[PDB]
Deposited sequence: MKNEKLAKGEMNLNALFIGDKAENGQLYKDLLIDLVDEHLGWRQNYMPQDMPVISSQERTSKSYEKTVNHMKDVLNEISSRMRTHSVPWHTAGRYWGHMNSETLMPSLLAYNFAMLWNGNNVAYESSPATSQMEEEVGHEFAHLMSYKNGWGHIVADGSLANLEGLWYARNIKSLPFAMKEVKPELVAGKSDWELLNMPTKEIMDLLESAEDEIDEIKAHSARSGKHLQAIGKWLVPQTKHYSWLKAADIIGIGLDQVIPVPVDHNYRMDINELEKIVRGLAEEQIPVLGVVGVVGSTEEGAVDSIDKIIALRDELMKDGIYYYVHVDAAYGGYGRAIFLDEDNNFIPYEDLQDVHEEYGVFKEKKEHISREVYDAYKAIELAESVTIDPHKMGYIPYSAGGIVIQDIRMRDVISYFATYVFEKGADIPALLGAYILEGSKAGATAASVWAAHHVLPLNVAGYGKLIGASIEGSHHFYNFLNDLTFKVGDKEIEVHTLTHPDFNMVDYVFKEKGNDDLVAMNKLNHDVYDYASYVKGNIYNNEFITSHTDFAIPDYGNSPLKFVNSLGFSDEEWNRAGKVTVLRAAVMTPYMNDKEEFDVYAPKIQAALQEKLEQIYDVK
């Protein structure tokens, strides 16, 4: 429809569109109450007119008012103001899409459970569409998807899929050896996922028994392999191994590079060596959007490697943790859902308003990674992150809908609970995601413009911080950024011009956070709020060494400190894409930081 103002799809940092929200909220509530009054309209109201004027009613209503007044006080005292544009530079949390908030409230009035079509048939159809929409976002042909409570529970379901998938070859031999005839025990534990599926889908009257001898029985859980994850992974993955059964001991950290993306060379070493040891890879986890750095792993090279190892009879499952950057793929899809060629990206992004300045914003290495998500088997995608959908809304997407039969217990499912890890779920959550996917198409005409604004605002902050020098009473403090953002997270540190004590930078940056957080002061009066993370050698290795040395520290001071405290800003605000609007909040950030540093040292 030509052009779409994102400035109307949010309530606003200063409640600029608060009447629009309130008016559409009331219009929707009024439509639900009309539905209610006109279901069995011959029935007269059970709550009488005199009951609603009684003292019993007034005392109950006044008590509700007192409880809601206490919720209001606590929420307006101890809550964080990330709705503001150029003052919040911290965690992956900004404003949520008004269409989604309006739709959750509307559907919550029906209280539908999506575990069963019978409970809410309309919210259930919406969830199936949302999964078919998640598949077409990931270019998965004949794929599927479902909303998960959170992204940690979706990462778990991924391991559930793979755990049960690698267990199927061995089980097939134990129930219908005919399917896996002439196959070495090790050729079974290195069978491609497509073949395992094609075989199972062939044995119609045997799928149940093959699955009864699968990992669902509890056997072969240590034999299916070792889960390979980036070392800078999320604890959801550690927890996933513990719960699924493989155990934390069958998790191997794959080292990351100085851009904090998995070292594909090192992955090759780990995989090839474990295969010489005849131990399989249950699977490798690729991360698009790192928890602390916004780093996009080279899914392109992870999948390229898989192909090269298949010639040597080694296959691994690939699950993409795109909890953060999954919605980010929309910046690469046209209105016909085709991946835009890179040579045309900058031109298409000017035609659609994704980016306001015609320059490179996305590296071909991140483009190539986002593209190869279609060759992976499963993806964790979190609407409650860069989908700007309200919590709790996570998501999983599978490359082949048939895969759901490896998790299946017993067309739109009539019992989604028999195709998912969780049980009872809100259909309001589905209406929230469907509304957002329908106001904002999962392409360059909708979510692309929103993610583009997040990225362009991250780049303006990056360029602002890379020239920031202060002056705190004969103490010049310079700001230094960690790496060029692969998405929209800009990490940064503060340093005294001539302090070669990393423990002193790690204390400067800890003190900047302390002031830029609830730790010190009232959060309703903080002029700049940011996030903090420690990069410790136990988990990050010497991946930050290049950075620490660039700032003038030694490899011994690094091993002495044991870590670097980095400040993190996931720029999810969609208001700082315009350099002009950023240049208003620029002096407001510098002035705030000066005072903050001036309180730290005096």
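Coordinate coverage of the deposited sequence is interrupted at 1-7, 418-426, 619-620, where no C-alpha atom was modelled.
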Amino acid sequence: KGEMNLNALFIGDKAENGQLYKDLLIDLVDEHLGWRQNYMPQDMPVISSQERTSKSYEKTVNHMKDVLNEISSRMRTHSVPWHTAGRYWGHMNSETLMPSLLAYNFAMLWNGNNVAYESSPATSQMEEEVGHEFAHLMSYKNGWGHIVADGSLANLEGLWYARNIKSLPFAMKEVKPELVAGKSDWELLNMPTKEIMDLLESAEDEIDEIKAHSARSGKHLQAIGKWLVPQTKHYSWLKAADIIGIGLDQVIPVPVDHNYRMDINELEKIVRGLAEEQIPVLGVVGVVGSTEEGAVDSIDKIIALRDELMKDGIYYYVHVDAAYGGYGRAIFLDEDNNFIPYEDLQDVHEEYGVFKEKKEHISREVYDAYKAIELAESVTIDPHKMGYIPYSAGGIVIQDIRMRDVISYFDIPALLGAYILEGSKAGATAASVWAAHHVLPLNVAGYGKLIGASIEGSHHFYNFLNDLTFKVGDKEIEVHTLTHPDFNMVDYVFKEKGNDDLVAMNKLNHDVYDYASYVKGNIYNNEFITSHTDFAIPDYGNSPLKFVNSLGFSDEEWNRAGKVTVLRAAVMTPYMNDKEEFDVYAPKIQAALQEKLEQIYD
From here on, numbers count along this sequence of modelled residues.
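Per the compared records, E95 is resolved in all of the other entries whose models span it, so no third of them omit it. Across the other compared structures of the same protein with both neighbouring residues present, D150 carries coordinates in every case, with no third of them leaving it out.
Per-stretch averaging of Cα B factors for 235-243 and 196-204 places 196-204 on top.
Judged by mean Cα B factor in the deposited record, 161-169 ranks above the other of 161-169 and 100-108. Across the residues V354, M92, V379, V148, the deposited record lists the maximum Cα B factor for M92. For the set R74, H136, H459, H220, the PDB entry assigns the largest Cα B-factor to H220.
Among the modelled residues of the chain, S531 sits in the middle third by CA temperature factor in this PDB entry. Remark: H480 belongs to the highest third of its chain, ranked by C-alpha B-factor as recorded. In this PDB entry, the Cα temperature factor of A322 sits in the bottom third of its chain's modelled residues, the lowest group. Among all modelled residues in this chain, the alpha-carbon of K563 has a temperature factor (C-alpha) in the highest third. In the deposited entry, the Cα temperature factor of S152 sits in the bottom third of values across the chain's modelled residues.
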